[PDB]
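Single chain ahead, written as structure tokens, the form deposited in one PDB entry.
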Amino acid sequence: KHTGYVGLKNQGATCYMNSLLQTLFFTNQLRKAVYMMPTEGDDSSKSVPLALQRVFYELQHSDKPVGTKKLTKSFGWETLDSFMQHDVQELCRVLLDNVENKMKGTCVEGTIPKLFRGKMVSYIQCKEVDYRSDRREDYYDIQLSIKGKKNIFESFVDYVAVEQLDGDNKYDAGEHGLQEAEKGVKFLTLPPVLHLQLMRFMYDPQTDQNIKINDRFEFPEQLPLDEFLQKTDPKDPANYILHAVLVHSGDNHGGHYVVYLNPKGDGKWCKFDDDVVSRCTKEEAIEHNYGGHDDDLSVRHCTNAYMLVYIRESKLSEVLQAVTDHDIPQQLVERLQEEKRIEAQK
């Protein structure tokens, strides 16, 4: 072990799960809050919050690959294809909704929206009459379209592009009944931790329906997003630093899953491939995951990003604050050592 980090066992077709688990483990401000969940009275076999605490504790302390069977048992994804029937966004939503729920009424309540919540304005503007509706919309990740988009800038541009409402899809303007309108979204705020879902898996019907888009899609190490804000802050530009690149090798149906991280936000990347963690180049983490072409029409080649984590540069120091063995409550420590004391009588 030259990296100082430990891997996660392969225990079935859990797909994106181990990549997610590493990505959240290294969201240090999240990890510390997770350690603070009051799990002492939890049922050791039904608690997703406890199982997540246990995986984090072992990731932080173990020298051997960390198992997850208690985790998959706790949120009930235990059949042969349970993870194949979902995606990384539903897993993460479920996990983090579970931990935030366990945080209610505690000092660490509101951690999840603090780290992940951003605000948009969704607006509908009538063309031939004077009505505009402006509403705030909260989001916790961003799904970016990648088909026909060459880079992340083009994806964000498409995301805030104006949609027309006319003909068979006209707008209910109430008192001025049906009106031709323009529908759009602008960003008000962007969160400290920015999860970008790259929409390579696109459910193309009807009705086969499984597909995966392997086209080239570039993303940068430094992502400036000020130009997509309704209003910019001179003291806090929306500059984001790439933290994690979650990678899939293959096409639809079958594939291999890896995550690249620079856990400290310092540009020193590692590759996390289940139980194997090793240092890699910045080029392996970034440019080599853009996807590409070798043969004609397709090959494919075939190892590209489907999710990215960026951290706001001004928030990097806080999100990635150090975690020590002293940040783990003794109640949790003793419970896990007792568990490891029950598992070692085999």
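We number the residues from 1 along the sequence you see.
Missing here is the form deposited with a small molecule bound; even so, the following discussion is about that form.
Taking the partner from the other structure, the small molecule in the bound PDB entry has no heavy atom within 4.5 Å of any heavy atom of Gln179. In the bound PDB entry, the small molecule lies within 4.5 Å of some heavy atom of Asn304. For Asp87, a non-hydrogen atom is located within 4.5 Å of the small molecule in the bound PDB entry, even though that partner is not displayed. Using a 4.5 Å cutoff between non-hydrogen atoms, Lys271 does not count as a contact of the small molecule in the bound PDB entry.
Only one segment in the set 87-95, 229-237, 120-128, 260-268 has any non-hydrogen atom within 4.5 angstroms of the small molecule in the bound PDB entry, and it is 87-95.
Here the marked residues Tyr16, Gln197 and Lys212 all reach the small molecule in the bound PDB entry, each with a heavy atom within 4.5 angstroms. Proximity to the small molecule in the bound PDB entry, defined as a heavy atom within 4.5 Å, singles out one entry of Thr106, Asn252, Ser133, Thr72, which is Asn252.
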